[PDB]
Amino acid sequence: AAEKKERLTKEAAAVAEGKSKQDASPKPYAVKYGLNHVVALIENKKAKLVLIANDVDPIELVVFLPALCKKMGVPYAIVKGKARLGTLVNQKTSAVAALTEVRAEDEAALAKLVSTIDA
RNA sequence: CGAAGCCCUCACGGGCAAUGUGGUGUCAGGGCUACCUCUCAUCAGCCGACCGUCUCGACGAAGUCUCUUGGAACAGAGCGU
């Protein structure tokens with residue numbers, strides 16, 4: 001798909017950007033965990049942004065995140081490193097999956113970043 | 001529902017696990033909502049016995065009487081337990 005630059009990947013993992021503000025929103029309020037829960041939020045538009053790891057396995061769990069993000073109209077970003085977005089949510093283990101329903105606090109950098117993607 | 005979970009270790013500590021441990025649930029059910037009733041089931045844990053098929057072992061009654069045959073009576077006939 002689109003290629004992220006390792007600059008955007010900083011700022012918000014949930015947003016097009018890479019994780020940073022994404023740690024915010026857990027401390028502030030709202031997030032998701034894995035693919036399963038994250039998928040639900042898109043379904044019932046709750047998440048502003050959700051992220052996806054680039055690596056992925058052949059998991060193809062994250063296979064229908066796009067198209068089923070772009071219907072709902074939920075912007076979602078690519079991060080590199082499943083671990084990277086795994087760590088921002090408080091998770092010892094990495095997760096290919098996504099997030100931020102509410103985007104507390106960073107209703108700011110988040111959404112600014114979304115603009116960067118799909119500029 | 002979403003880490004509330006599991007394994008190893010006395011512990012310390014380590015490992016697994018959101019690519020989902022665990023809870024719920026599985027064609028009579030459950031959940032959620034609004035009520036009625038009640039818990040007596042289930043599940044976790046505590047304490048914690050009585051009595052008593054297979055094999056082995058102990059103790060254990062009453063003739064070693066007569067005659068005949070015989071190498072030998074455990075035989076025949078007689079008497080008795």
# chains A, B, ... in the order shown; residues from 1 in each chain; ligands from 1

$ select_by_dssp --residues "chain A" --states "alpha helix (DSSP H)" --output "number ranges by chain"
A: 35-43, 84-87, 109-116

$ write_last_selection --atoms "N, CA and C atoms" --output "tab-separated table (two decimals), in the first residue's frame"
chain	number	residue	atom	x	y	z
A	35	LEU	N	-6.03	-7.39	17.06
A	35	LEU	CA	-6.71	-7.29	15.81
A	35	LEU	C	-8.18	-7.46	16.04
A	36	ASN	N	-8.52	-8.40	16.93
A	36	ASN	CA	-9.87	-8.76	17.23
A	36	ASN	C	-10.61	-7.60	17.78
A	37	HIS	N	-10.11	-7.00	18.87
A	37	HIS	CA	-10.85	-5.92	19.46
A	37	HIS	C	-10.80	-4.73	18.57
A	38	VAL	N	-9.64	-4.48	17.94
A	38	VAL	CA	-9.51	-3.32	17.11
A	38	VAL	C	-10.49	-3.43	15.99
A	39	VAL	N	-10.68	-4.63	15.44
A	39	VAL	CA	-11.58	-4.73	14.32
A	39	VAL	C	-12.95	-4.31	14.76
A	40	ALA	N	-13.35	-4.64	16.00
A	40	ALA	CA	-14.68	-4.33	16.43
A	40	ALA	C	-14.91	-2.85	16.38
A	41	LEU	N	-13.92	-2.05	16.82
A	41	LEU	CA	-14.10	-0.63	16.91
A	41	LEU	C	-14.34	-0.05	15.57
A	42	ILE	N	-13.67	-0.55	14.52
A	42	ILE	CA	-13.93	0.02	13.25
A	42	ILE	C	-15.33	-0.27	12.89
A	43	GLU	N	-15.79	-1.49	13.20
A	43	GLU	CA	-17.09	-1.89	12.81
A	43	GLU	C	-18.05	-0.92	13.40
A	84	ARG	N	6.73	-2.54	18.08
A	84	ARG	CA	6.59	-1.14	18.36
A	84	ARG	C	5.16	-0.86	18.62
A	85	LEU	N	4.24	-1.25	17.71
A	85	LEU	CA	2.94	-1.03	18.25
A	85	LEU	C	2.54	-2.30	18.85
A	86	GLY	N	2.71	-2.35	20.16
A	86	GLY	CA	2.43	-3.47	20.98
A	86	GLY	C	2.79	-2.85	22.25
A	87	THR	N	4.02	-2.30	22.25
A	87	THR	CA	4.62	-1.61	23.34
A	87	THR	C	3.88	-0.35	23.66
A	109	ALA	N	-2.52	16.07	18.24
A	109	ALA	CA	-1.50	15.52	17.42
A	109	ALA	C	-2.17	14.43	16.67
A	110	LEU	N	-3.00	13.66	17.38
A	110	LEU	CA	-3.78	12.71	16.69
A	110	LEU	C	-4.78	13.55	15.96
A	111	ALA	N	-5.14	13.14	14.74
A	111	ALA	CA	-6.02	13.85	13.86
A	111	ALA	C	-5.25	14.88	13.12
A	112	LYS	N	-4.13	15.37	13.67
A	112	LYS	CA	-3.34	16.23	12.84
A	112	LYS	C	-2.61	15.32	11.90
A	113	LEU	N	-2.13	14.21	12.48
A	113	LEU	CA	-1.34	13.18	11.86
A	113	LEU	C	-2.17	12.49	10.84
A	114	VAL	N	-3.47	12.29	11.14
A	114	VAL	CA	-4.33	11.58	10.24
A	114	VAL	C	-4.32	12.36	8.97
A	115	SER	N	-4.26	13.70	9.08
A	115	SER	CA	-4.29	14.54	7.92
A	115	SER	C	-3.09	14.26	7.08
A	116	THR	N	-1.94	13.97	7.72
A	116	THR	CA	-0.73	13.77	6.96
A	116	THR	C	-0.97	12.64	6.01

$ closest_atom_pairs --of "chain B" --to "chain A" --cutoff "12 Å" --atoms "only C-alpha atoms (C1' of nucleotides)" --output "CSV"
residue,atom,partner,partner_atom,distance
B:1,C1',A:37,CA,10.5
B:2,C1',A:37,CA,7.8
B:3,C1',A:91,CA,9.3
B:16,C1',A:93,CA,10.5
B:17,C1',A:93,CA,7.8
B:18,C1',A:34,CA,4.9
B:19,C1',A:59,CA,5.9
B:20,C1',A:34,CA,7.7

$ select_by_dssp --residues "range 8-101 of chain A" --states "strand (DSSP E or B)" --output "PyMOL selection string"
chain A and resi 9-10+18+50-53+76-79
